[PDB]
Amino acid sequence: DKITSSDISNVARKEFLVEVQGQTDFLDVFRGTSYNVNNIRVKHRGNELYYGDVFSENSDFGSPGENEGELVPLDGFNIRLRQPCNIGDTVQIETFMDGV
Amino acid sequence: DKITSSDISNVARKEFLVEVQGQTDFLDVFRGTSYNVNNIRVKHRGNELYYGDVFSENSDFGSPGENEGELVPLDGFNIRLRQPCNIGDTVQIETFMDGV
Amino acid sequence: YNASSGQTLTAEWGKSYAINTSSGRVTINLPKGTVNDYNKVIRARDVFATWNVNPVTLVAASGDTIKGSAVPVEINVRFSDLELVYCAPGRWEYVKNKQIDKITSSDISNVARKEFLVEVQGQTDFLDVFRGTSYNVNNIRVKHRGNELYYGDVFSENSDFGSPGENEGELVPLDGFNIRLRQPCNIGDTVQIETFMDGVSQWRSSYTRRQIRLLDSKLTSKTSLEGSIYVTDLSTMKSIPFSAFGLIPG
Amino acid sequence: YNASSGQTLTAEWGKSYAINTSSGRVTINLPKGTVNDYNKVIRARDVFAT
């Protein structure tokens, strides 16, 4: 009687209210497990630019904790950002994740 | 004859061009029934700050029809906004509501 | 049937296959001319996915079309399952690449993202939107890196987007494929586009609990309240409907 | 099954039915009383759209 069909991917949101300045990275993404890279989600309330197929200087993304510059590969857990942003300028990060 | 399942049931959204100033609240949110508090989108075309786990002065949201100030709990039916915003700028709400 | 054997199999009416394309592309042709039979379902499937990768090739050769043109329809869909019947209008209907993974949003991958770094200014129109297939007319993302204005149901000078390639202005319908943007934006100012799909996940409850207290008849004299108070004649009505307990829409 | 035979078809469970209503509407009258058996589909489908 019923078409329930296919599958539902999983989006959750966690807003990061920026403080203290600094804050060019955010760790563990959503506390449990990992971020799903393919769809980058981060906002200044300006929604931040692609991480992208090719990590670029154009793409503004730090990617986890790179020593200098910022890391060319993206990692799910930890992310970085090229910007200090500003306190009160909110880094608003989401994922499109496979499992909850 | 191929048959399809869909999204809109599990994802819908509505966006408001602001007029008249005032307009500190928005009633029923989307047409009928309940909004779901846990996931919030208010967009100024910037995506407005979290309502958050805690209704705060940081978190900018009115929440339903609060007589003075703006309400601490969030009813899915009615919402409010601390700001009147301005005419010509557009508030954009997006809901996340689960199917059974 | 194996990818190892041929690049082609054909025509076994009720003999179902679970297909490999790994070794070589399979070009599968189906019985021709089919007389007055119809009613005949054919079953092709993935016992694994070498669909995608090396593609399928499905063929209704001249004869009675699968659908429309009948030009060979090719499955690059990783999992897929095939049922087409010979159907009285000389037609073979197979259903929306159901992979298992049933129904479809195909290469859509449900909710998805693309960004246009805008260059040489201009570039107001943005062609083909997401790479293949269609965009989804349901909902929009487009961006200046600030969120764009709402698109609106009827397309207004207010609601800011072009909709495909209108020679002057914005196109009064919005086609999925091509999309226009009213601003040329700038080199370095990106346009960034999505439609909507996937639904969302609920995290629901994680336990909680309910308990009811009823007293009977006039002894309450009061009606049920939330999951706190209930009232009835206890001997009259067995069981409970529960709105009687506290209800919340998980 | 063809509409031309009966205006109604009846009752035979595990038999798939490719249906033609062109001649007349198919009134498909399925068995009643059925004991406790269940477990049994019937199959009707469109070989084409009548």
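Residue numbers (PDB author numbering), protein chains in the order written: chain A, 152 to 251; chain B, 152 to 251; chain C, 52 to 301; chain D, 52 to 101. Beta carbons are placed, not taken as given, at the ideal position from N, Cα and C, and that holds for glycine.
Looking at the unbroken alpha helix (DSSP H) that takes in residue i, where does it start and where does it end?
i	result
C/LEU270	268-271
Can you tell me where the beta strand (DSSP E) holding residue i begins and where it ends?
i	result
D/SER67	67-69
C/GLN243	242-244
A/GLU166	161-167
C/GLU134	132-138
C/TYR89	Premise fails: C/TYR89 is in no beta strand (DSSP E) and is neither H nor E.
B/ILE154	Premise fails: B/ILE154 is in no beta strand (DSSP E) and is neither H nor E.
C/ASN80	77-80
B/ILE191	191-194
C/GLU144	142-144
D/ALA95	94-96
C/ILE280	280-283
C/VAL180	Looking at the DSSP string, C/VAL180 is not in any beta strand (DSSP E), and its letter there is neither H nor E.
Could you work out which residues of chain B lie near residue i, taking near to mean beta carbons separated by less than 8 Å?
i	result
A/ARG196	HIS195, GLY197, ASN198, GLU199 and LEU200
Pull up the distance between the alpha-carbon of residue i and that of residue j, whole angstroms please.
i	j	result
C/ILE117	C/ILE93	12 Å
C/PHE212	A/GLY197	18 Å
B/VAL193	C/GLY65	56 Å
C/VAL104	A/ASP249	22 Å
B/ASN237	B/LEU200	17 Å
B/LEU178	B/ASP240	18 Å
C/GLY114	C/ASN229	35 Å
A/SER156	C/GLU217	37 Å
C/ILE280	C/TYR258	22 Å
C/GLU134	C/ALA95	7 Å
D/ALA69	D/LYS83	22 Å
B/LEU225	A/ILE244	22 Å
B/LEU232	D/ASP97	55 Å
C/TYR52	A/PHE247	38 Å
C/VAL107	C/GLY119	19 Å
C/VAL169	C/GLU219	20 Å
C/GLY301	B/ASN187	10 Å
C/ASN71	C/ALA100	7 Å
C/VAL110	C/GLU125	8 Å
C/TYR137	C/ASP204	41 Å
C/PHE206	C/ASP158	28 Å
D/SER73	C/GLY173	58 Å
C/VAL180	C/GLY227	7 Å
C/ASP284	C/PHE296	17 Å
C/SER286	C/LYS147	56 Å
Would you please verify whether the beta carbon of residue i is less than 7 Å from any beta carbon of chain G?
i	result
B/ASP226	Protein chains A, B, C and D are contained in the structure displayed, whereas chain G is not.
Report buried or exposed for residue i, applying the criterion of at least 16 other Cβ atoms within 10 angstroms of its Cβ.
i	result
A/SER214	buried
C/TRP102	buried
D/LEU81	exposed
C/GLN253	buried
B/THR184	exposed
A/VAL171	exposed
B/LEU222	buried
B/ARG182	exposed
C/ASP132	buried
D/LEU60	buried
A/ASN190	buried
C/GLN150	buried
Going along chain C in order, which residues have a C-beta closer than 9 Å to the C-beta of residue i?
i	result
A/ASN161	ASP249, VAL251 and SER252
Could you tell me whether the Cβ of residue i comes closer than 7 Å to any Cβ of chain B?
i	result
C/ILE154	yes
C/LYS147	yes
Can a CB atom of chain C be found closer than 7 Å to the CB of residue i?
i	result
D/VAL92	no
B/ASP240	no
A/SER157	yes
B/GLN174	no
Would you say residue i faces chain A, with C-beta separation under 7 Å as the test?
i	result
C/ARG164	yes
Residue i touches chain C at which residues, Cβ-Cβ below 8 Å?
i	result
A/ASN190	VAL162, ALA163 and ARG164
Kindly list, in the order they appear in chain D, the residues whose Cβ is closer than 7 Å to that of residue i.
i	result
C/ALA139	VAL98 and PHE99
Run the proximity test for residue i: is its beta-carbon closer than 6 Å to any non-hydrogen atom belonging to the ligand FMN?
i	result
C/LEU135	With respect to small molecules bound, the structure shown includes none, and the ligand FMN cannot be examined in it.
Residue i versus chain B: which residues are under 9 Å apart at the beta carbon?
i	result
A/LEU168	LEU200, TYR201, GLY203, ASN209 and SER210
Name, please, each residue of chain B whose Cβ falls closer than 7 Å to the Cβ of residue i.
i	result
C/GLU144	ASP152
A/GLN243	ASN198
C/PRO235	The contacting residues do not exist; C/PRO235 stays about 18 Å from chain B at best.
Just to make sure I have the definition right: I need the residues of chain D whose C-beta is within less than 8 Å of the C-beta of residue i. Which are they?
i	result
residue 10 of chain C	Summary: the structure shown does not reach residue 10 of chain C, with chain C confined to residues 52 through 301, and so no result is reported for it.
Give the interface partners of residue i over in chain C, defined as CB-CB distance under 7 Å, in chain order.
i	result
B/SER214	None at all; the shortest Cβ gap to chain C is about 18 Å.
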